[PDB]
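S.K.: Data: structure.cif, mmCIF, C-alpha atoms.
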```cif
data_work
loop_
_atom_site.label_atom_id
_atom_site.label_comp_id
_atom_site.auth_asym_id
_atom_site.auth_seq_id
_atom_site.Cartn_x
_atom_site.Cartn_y
_atom_site.Cartn_z
CA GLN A 1 0.00 0.00 0.00
CA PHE A 2 2.89 2.28 -1.04
CA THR A 3 3.59 4.41 -4.15
CA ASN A 4 6.77 4.43 -6.28
CA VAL A 5 6.46 7.80 -8.10
CA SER A 6 8.93 10.76 -7.91
CA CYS A 7 8.39 13.54 -5.35
CA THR A 8 10.35 16.60 -4.13
CA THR A 9 7.63 18.74 -2.40
CA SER A 10 5.09 17.30 0.12
CA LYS A 11 1.93 18.81 -1.41
CA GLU A 12 2.63 17.72 -5.07
CA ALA A 13 1.79 14.00 -4.69
CA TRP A 14 -1.41 14.35 -2.57
CA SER A 15 -3.65 13.51 -5.61
CA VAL A 16 -1.56 10.26 -5.88
CA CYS A 17 -2.63 9.18 -2.31
CA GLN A 18 -6.28 9.96 -3.33
CA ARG A 19 -6.46 8.18 -6.75
CA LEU A 20 -4.64 4.98 -5.52
CA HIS A 21 -6.24 4.61 -2.05
CA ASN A 22 -8.64 7.25 -0.64
CA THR A 23 -6.70 9.63 1.65
CA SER A 24 -5.09 13.11 1.67
CA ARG A 25 -2.26 12.28 4.13
CA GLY A 26 0.98 11.83 2.24
CA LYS A 27 4.54 13.07 2.56
CA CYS A 28 7.56 12.12 0.42
CA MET A 29 11.19 11.31 1.19
CA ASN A 30 14.30 12.41 -0.77
CA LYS A 31 13.19 11.43 -4.30
CA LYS A 32 9.98 9.31 -4.19
CA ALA A 33 6.26 9.45 -3.28
CA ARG A 34 4.97 7.79 -0.10
CA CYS A 35 1.56 7.72 1.63
CA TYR A 36 0.74 7.99 5.30
CA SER A 37 -2.81 6.74 5.94
#
```
Output the file's structure as structure tokens, nothing else.

M.R.:
Amino acid sequence: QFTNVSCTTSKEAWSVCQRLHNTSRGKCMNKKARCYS
């Protein structure tokens, strides 16, 4: 239940946490998208 996209800013990839699962809690690391439901 994790994503493997590319992220830099923790606001960018919040429509990736929505469309995959059904949440709006998400932060990313150094280089990749993660989700925090």

S.K.: Please write as an mmCIF file with C-alpha atoms, in the frame of the given file the full residue list that the PyMOL selection byres ((chain A and resi 27) around 10) yields on this file.

M.R.:
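Saved as selection14.cif:
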```cif
data_model
loop_
_atom_site.group_PDB
_atom_site.id
_atom_site.type_symbol
_atom_site.label_atom_id
_atom_site.label_comp_id
_atom_site.auth_asym_id
_atom_site.auth_seq_id
_atom_site.Cartn_x
_atom_site.Cartn_y
_atom_site.Cartn_z
ATOM 1 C CA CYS A 7 8.390 13.540 -5.350
ATOM 2 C CA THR A 8 10.350 16.600 -4.130
ATOM 3 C CA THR A 9 7.630 18.740 -2.400
ATOM 4 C CA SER A 10 5.090 17.300 0.120
ATOM 5 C CA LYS A 11 1.930 18.810 -1.410
ATOM 6 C CA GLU A 12 2.630 17.720 -5.070
ATOM 7 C CA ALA A 13 1.790 14.000 -4.690
ATOM 8 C CA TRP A 14 -1.410 14.350 -2.570
ATOM 9 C CA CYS A 17 -2.630 9.180 -2.310
ATOM 10 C CA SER A 24 -5.090 13.110 1.670
ATOM 11 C CA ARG A 25 -2.260 12.280 4.130
ATOM 12 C CA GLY A 26 0.980 11.830 2.240
ATOM 13 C CA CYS A 28 7.560 12.120 0.420
ATOM 14 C CA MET A 29 11.190 11.310 1.190
ATOM 15 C CA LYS A 32 9.980 9.310 -4.190
ATOM 16 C CA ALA A 33 6.260 9.450 -3.280
ATOM 17 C CA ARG A 34 4.970 7.790 -0.100
ATOM 18 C CA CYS A 35 1.560 7.720 1.630
ATOM 19 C CA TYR A 36 0.740 7.990 5.300
#
```

S.K.: Mind working out the centre and edge lengths of an axis-aligned box for segment 28-35 of chain A, all listed atoms inside, 4 Å added to each side, rounded to one decimal in Å and written as AutoDock Vina command-line options?

M.R.:
```
--center_x 7.9 --center_y 10.1 --center_z -1.3 --size_x 20.7 --size_y 12.7 --size_z 13.9
```

S.K.: I'd like the neighbourhood of residue 21 of chain A as a short mmCIF file (atom, residue, chain, number, x, y, z; two decimals) with C-alpha atoms, keeping the file's coordinate frame, where a residue qualifies if any of its atoms comes within 10 Å (using only C-alpha atoms), though same-chain residues fewer than 2 positions away should be ignored.

M.R.:
```cif
data_model
loop_
_atom_site.label_atom_id
_atom_site.label_comp_id
_atom_site.auth_asym_id
_atom_site.auth_seq_id
_atom_site.Cartn_x
_atom_site.Cartn_y
_atom_site.Cartn_z
CA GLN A 1 0.00 0.00 0.00
CA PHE A 2 2.89 2.28 -1.04
CA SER A 15 -3.65 13.51 -5.61
CA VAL A 16 -1.56 10.26 -5.88
CA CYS A 17 -2.63 9.18 -2.31
CA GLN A 18 -6.28 9.96 -3.33
CA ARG A 19 -6.46 8.18 -6.75
CA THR A 23 -6.70 9.63 1.65
CA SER A 24 -5.09 13.11 1.67
CA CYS A 35 1.56 7.72 1.63
CA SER A 37 -2.81 6.74 5.94
#
```
